[PDB]
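Asks: sequence plus experimental coordinates follow:
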Amino acid sequence: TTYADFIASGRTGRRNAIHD
Amino acid sequence: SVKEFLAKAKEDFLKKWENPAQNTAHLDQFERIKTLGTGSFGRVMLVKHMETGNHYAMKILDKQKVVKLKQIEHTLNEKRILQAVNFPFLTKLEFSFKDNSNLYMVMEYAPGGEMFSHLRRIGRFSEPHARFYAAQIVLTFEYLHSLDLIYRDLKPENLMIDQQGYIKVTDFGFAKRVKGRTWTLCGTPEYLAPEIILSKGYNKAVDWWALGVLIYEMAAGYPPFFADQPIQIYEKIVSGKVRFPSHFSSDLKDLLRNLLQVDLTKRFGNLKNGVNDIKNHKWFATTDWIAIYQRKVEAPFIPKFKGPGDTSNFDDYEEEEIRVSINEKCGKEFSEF
Ligand SMILES: Clc1ccc(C2(c3ccc(-c4cn[nH]c4)cc3)CCNCC2)cc1
């Protein structure tokens, strides 16, 4: 399931901003 | 009339914009209580103002780290804008000041924690739940954009739930006052419009795209484009293909198709009728925009609180010294702060 893929991913925590 | 309120709102903003408030407090007017989170060049703490006993959120930035990360103009932007604005769903500055090593921005404390924490715990919101929050973002962006401000970092991490269950947008590190187009590669990967990814000049339309990502994430429980690495995510954003959960209503899907539109001439918010395309869309049909601004609508979730200065809706972070050098750092760079 898409939920399961999300929850298994490395990006369920607080996401940082980008820069150059 | 939306037109009249915004006209006065702009008169109020310009006066503070052209004459920024400066040095309105000092560190030892505040009892430091707890850290609510971290950033690359600083952090945010709960503090108590000794004079009033009011609790506040205090963003503490390390001037040397700001310079290293090339965020000087952006940080000046943040303070200049925040001291000038005033809207129910934004944490504006109550005080700002600096000392030898640090910059400081004090804002109204939101006891409920981040939307992020609640969204992740509960899994996902109901469409009415997500619509309640979306409306407040629709109105804030209406306000900001009328002032020529682009926000550029919409995400659940930046949305604080207050004692009444209403939102406050916070962290304006990337906010900028610009007429026309700008080029900075900034924001959060999941929320970046294709314009930003493809190094085009862009404008406030990128905020309306990020609204589309937020509404999806709120209603789905995950973002429309995710992966393990940023480059996998940008691949997905530019492709122009989003799949919606089967529980997504027909109206929601249509809204999101129009927010998450790679074509700038077709993206809602960016058209000739501006924000009304969003406001008069079927998914918001039940929304009373005035009642929402007035806080008369019953919030679908009110946070648990046990007295003022309570922090149980925030995570625990390691507490760290605020060191104040005897030598002034970066005086020239931050002279206007
Ligand atoms: Cl430097 C920095 C920037 C942002 C934060 C966060 C933050 C927490 C609380 C508040 C806050 C403002 N008013 N009440 C709470 C603002 C920003 C927002 C992003 N996620 C981590 C926390 C902490 C530190």
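Replies: Great, that's in hand. Numbering: from 1, shown residues only, chains lettered A, B, ... in the order given.

Asks: residue ranges of the helices in the stretch 101-250 of chain B, please?
Replies: Ranges of helices in the stretch 101-250 of chain B, per DSSP state H, counting those that start in this stretch, are B:115-122, B:127-146, B:194-197, B:205-220, B:230-239, B:250-259.

Asks: mind checking these for the one nearest to the ligand?
Replies: Minimum separation from the ligand across these (CB to the nearest ligand atom) falls at helix B:115-122, 7.2 Å. All C-beta atoms are positioned from the backbone trio N, CA, C, and that covers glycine.

Asks: any idea how far the closest one is from the chain center?
Replies: Offset of helix B:115-122 from its chain centre (CA atoms, centre = their mean, to the nearest Å): 16 Å.

Asks: which secondary structure element contains the residue of chain A found nearest the ligand?
Replies: Taking CB to the nearest ligand atom as the measure, chain A has residue A:14 as its residue closest to the ligand, at 5.7 Å. Using DSSP states H and E, residue A:14 maps to neither a helix nor a strand.

Asks: which non-adjacent residue is nearest residue B:248?
Replies: residue B:219 (6.4 Å; CB to CB, 6 or more residues apart in numbering or on different chains).

Asks: please verify my assumption that that neighbour contacts residue B:133.
Replies: No: the pair residue B:219 / residue B:133 is not scored as a contact, 10.4 Å apart, by CB atoms under 8 Å.

Asks: identify the residues contacting residue A:5.
Replies: Taking CB atoms under 8 Å, 6 or more residues apart in numbering or on different chains, we find residue A:5 in contact with residue B:226.

Asks: where does it land in three-state SS?
Replies: Secondary structure, DSSP: H, G, I helix; E, B strand; the rest coil: residue A:5 is helix.

Asks: and the gap between it and residue B:227?
Replies: According to CB to CB, to the nearest Å, residue A:5 and residue B:227 sit 9 Å apart.

Asks: count of neighbours near the nearest residue to residue B:240 once chain neighbours are set aside?
Replies: Distances taken as CB to CB, 6+ apart place residue B:262 nearest to residue B:240, at 4.7 Å, with adjacent residues excluded. By other CB atoms under 10 Å in any protein chain shown, the residues close to residue B:262 number 16.

Asks: what's near enough to touch the closest residue to residue B:107 other than its chain neighbours?
Replies: Ranked by CB to CB, 6+ apart and with sequence neighbours excluded, the top spatial neighbour of residue B:107 is residue B:91, at 4.0 Å. Going by CB under 8 Å, 6+ apart, residue B:91 touches B:57, B:82, B:107-108, B:110, B:160, B:168-170.

Asks: and the closest residue to the residue of chain A closest to the ligand other than its chain neighbours, how many neighbours?
Replies: Once flanking residues are discounted, residue A:14 sits nearest to residue B:157: 5.4 Å by CB to CB, 6+ apart. Residue B:157: 21 surrounding residues under other CB under 10 Å.

Asks: what distance do you get for residue B:157 to residue B:150?
Replies: Residue B:157 sits 18 Å away from residue B:150, taking CB to CB as the criterion.

Asks: cool, residue B:14 as well?
Replies: Distance check for residue B:14 against residue B:150: by CB to CB, it reads 17 Å.

Asks: the more surrounded of those two?
Replies: Taking neighbours as other CB under 10 Å, residue B:14 and residue B:150 compare with residue B:150 leading, 21 against 12.

Asks: check contacts around that one.
Replies: By CB under 8 Å, 6+ apart, the neighbours of residue B:150 are B:144, B:175-176, B:178, B:182, B:203-204, B:206-207.

Asks: in three-state terms, label the residue nearest to residue B:135 when sequence neighbours are not counted for me.
Replies: What sits nearest to residue B:135 in space, not counting adjacent residues and going by CB to CB, 6+ apart, is residue B:292, at 4.8 Å. Classification of residue B:292 using three-state DSSP returns helix.

Asks: residue B:292 and residue B:88, how far apart?
Replies: Residue B:292 is 9 Å from residue B:88, by CB to CB.

Asks: any shared contact partners between the two?
Replies: The contact sets of residue B:292 and residue B:88 overlap at residue B:136 (CB under 8 Å, 6+ apart).

Asks: so which of those two has more stuff around it?
Replies: Taking neighbours as other CB under 10 Å, residue B:292 and residue B:88 compare with residue B:292 leading, 19 against 16.

Asks: drop anything exposed from the contacts of residue B:150.
Replies: The neighbour-count test (16 or more other CB atoms under 10 Å in any protein chain shown) marks B:144, B:175-176, B:182, B:203-204, B:206-207 as buried among the contacts of residue B:150.

Asks: sorry, back to before: I figured the residue nearest to residue B:240 was touching residue B:194, is that so?
Replies: Yes: contact status for residue B:262 versus residue B:194: in contact at 5.0 Å, counting by CB under 8 Å.

Asks: next, show the common contact partners of those two.
Replies: B:238, B:240.

Asks: kindly provide the distance from the residue lying closest to residue B:288 once chain neighbours are set aside to residue B:120.
Replies: Once flanking residues are discounted, residue B:288 sits nearest to residue B:297: 6.7 Å by CB to CB, 6+ apart. Using CB to CB, one gets 24 Å for the distance from residue B:297 to residue B:120.
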